[PDB]
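Since every read-out is calculated from the coordinates, none of them should be taken as a lab result. Heads up, the Cβs are rebuilt from the backbone with ideal geometry, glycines too, and the neighbour counts pull from every protein chain shown.
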Amino acid sequence: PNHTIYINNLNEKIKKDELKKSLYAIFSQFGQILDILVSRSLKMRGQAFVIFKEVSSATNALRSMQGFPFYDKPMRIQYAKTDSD
Amino acid sequence: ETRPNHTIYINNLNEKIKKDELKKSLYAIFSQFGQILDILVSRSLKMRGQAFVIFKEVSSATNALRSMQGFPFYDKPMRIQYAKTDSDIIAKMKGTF
Amino acid sequence: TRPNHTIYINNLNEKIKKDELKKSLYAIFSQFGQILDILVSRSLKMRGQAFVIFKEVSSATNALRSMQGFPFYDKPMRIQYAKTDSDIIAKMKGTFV
Amino acid sequence: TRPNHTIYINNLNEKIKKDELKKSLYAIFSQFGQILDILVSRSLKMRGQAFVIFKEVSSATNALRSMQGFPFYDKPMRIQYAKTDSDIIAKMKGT
RNA sequence: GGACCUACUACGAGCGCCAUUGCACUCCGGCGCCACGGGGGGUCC
RNA sequence: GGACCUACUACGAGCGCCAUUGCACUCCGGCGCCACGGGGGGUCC
Ligand SMILES: [Cu+2]
Ligand SMILES: [Cu+2]
């Protein structure tokens, strides 16, 4: 149950800056977001981390937006293995 | 109200968002329902918060209205209707895109 | 008519039991907001009718927008705003339960 | 991943009774054609999930096509084609 | 088998809490409470 | 400083292909094509 949530199976064809703002459009409803980091690197291409201020927010986001088709690709959300700053 | 058009009219959108972000962010959510032709956005920030999403088939518009209704988009739940008939083009020609 | 918080649904599948129908309607209309009651007409002359009563008018409007003509039990339901004060007058006269 | 006769639904509202869910799904998916069975298990492994078995794949295709992401009991369902065939389907074909 | 009872028992049903996003078609996650129902026990017809 | 050009250079921005389902919080997978932009290089008013 980390604050940060780990999203993968994202549409890799989307630019990093566009993707960041597109994710904020959906996850802003759940609470205060601090940052959304997206690497378009080979190691972390279809992936993103969304950091919520409260754990209630991250839980509600994982609860609700699981399997949501994002750019026609359904997102796979997990709790992050490690805690964020 | 309206009849099943292939275009849907979205309003009650967050006016604080730039036009470029909104067009692209709407595509992120509504692309799942089918092929999108255009995404038109009210060009007046004073009275913005409106948008048109033009689908190829009416099936896409219908399914989109059912599912994404009341969806919190930028923490504001959007209000989706069927667009009036051939009205998506009227505002495009008249310059509100 | 005028935007009521209650919506009047008719053209319902008559073969369906009252208990199943109420619960199946709740399955679809819960997304639009909080539902107070779901009234179903147990009359033979005035059969195939139902009332879904919402807390907020915003909920009923989105429901009419989206679920209009929705094939429910293979029969497309036809939604209108309830005529003002009809639901209660129906709940009193027992025609709806 | 390929047009199966059954569709696999998950992200269902777990609080709903098995028979209510079975009947509520039939209320929605009967429009697409004749349904053979709707399998529902409220067990830890298979809860929040359902299988809808159609006679024709055309019905199943239209069902995934139309009702995808549809909020059912305020929870939007996520529809897939089933991986395997259903046992009732298998006998028709024999496998 | 009816009617009032009970220093007993959560078995059904019914509420909530936690956990689970899981591809099945040989039951079956874990708690807390419990209207009505069972099981035991007692007093009459 | 304007106008047309380059046996040159993919530095941006923009397209596609193959491969990858990967848990981060300094950084970088491989090709092919390139509108419009820069860098270098010329002929002119
Ligand atoms: Cu007893
Ligand atoms: Cu140059």
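When C:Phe54 is tested against (1) under 20 Å from D:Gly33 (Cα atoms); (2) surrounded by 21 or more Cβ atoms within 10 Å (Cβ to Cβ), only condition (1) is not met.
The listed residues are B:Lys46, B:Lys16, and the only one of them that is part of a loop (DSSP other than H, G, I, E, B) and either acidic (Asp, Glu) or within 14 Å of chain A (Cβ to nearest Cβ) (or both) turns out to be B:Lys16. Is it the case that B:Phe30 is within 26 Å of D:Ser66 (Cβ to Cβ) and either assigned to a helix (DSSP H, G or I) or of a type in the set (A, V, I, L, M) (or both)? Yes, satisfied.
Scan the stretch B:64-84 and give yes if some residue there is assigned to a loop (DSSP other than H, G, I, E, B) and among the basic types (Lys, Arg), otherwise no. Yes, the stretch B:64-84 has at least one match. In the stretch D:9-27, how many residues are within 6 Å of RNA strand E (Cβ to nearest atom) and more than 21 Å from D:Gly69 (Cβ to Cβ)? Residues that pass the stated criteria total 1.
Does A:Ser39 satisfy the criteria of being on the phi < 0 side of the Ramachandran plot, more than 16 Å from RNA strand E (Cβ to nearest atom) and surrounded by fewer than 18 Cβ atoms within 10 Å (Cβ to Cβ)? Yes: the conditions hold for A:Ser39. Based on what the data block shows, is D:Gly33 under 25 Å from C:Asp19 (Cα atoms) and within 14 Å of another protein chain (Cβ to nearest Cβ)? Considered against the rule, which asks whether it is under 25 Å from C:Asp19 (Cα atoms) and within 14 Å of another protein chain (Cβ to nearest Cβ), D:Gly33 comes out as yes. Collect the residues in the stretch B:52-65 that are in contact with a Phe, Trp or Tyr (Cβ under 6 Å, 6 or more places away or on another chain) and at the interface with chain D (Cβ under 8 Å from one of its Cβ atoms), keeping them in residue-number order. Answer for the stretch B:52-65, where residues must be in contact with a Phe, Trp or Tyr (Cβ under 6 Å, 6 or more places away or on another chain) and at the interface with chain D (Cβ under 8 Å from one of its Cβ atoms): just B:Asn63. Among the residues making up the stretch D:45-95, those that are of a type in the set (A, V, I, L, M), away from RNA strand E (no atom under 11 Å from the Cβ) and in contact (Cβ under 8 Å) with a residue 40 or more places away in the chain are D:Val57, D:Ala60, D:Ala63. Annotation note: of C:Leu39, C:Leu25, C:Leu21, the sole residue that is in contact with a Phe, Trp or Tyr (Cβ under 7 Å, 6 or more places away or on another chain) and aliphatic (A, V, I, L, M) is C:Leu39. When A:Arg76 is tested against (1) among the charged types (D, E, K, R); (2) over 12 Å from the mean Cα position of the chain (by Cα); (3) surrounded by fewer than 16 Cβ atoms within 10 Å (Cβ to Cβ), exactly one condition is not met: (2).
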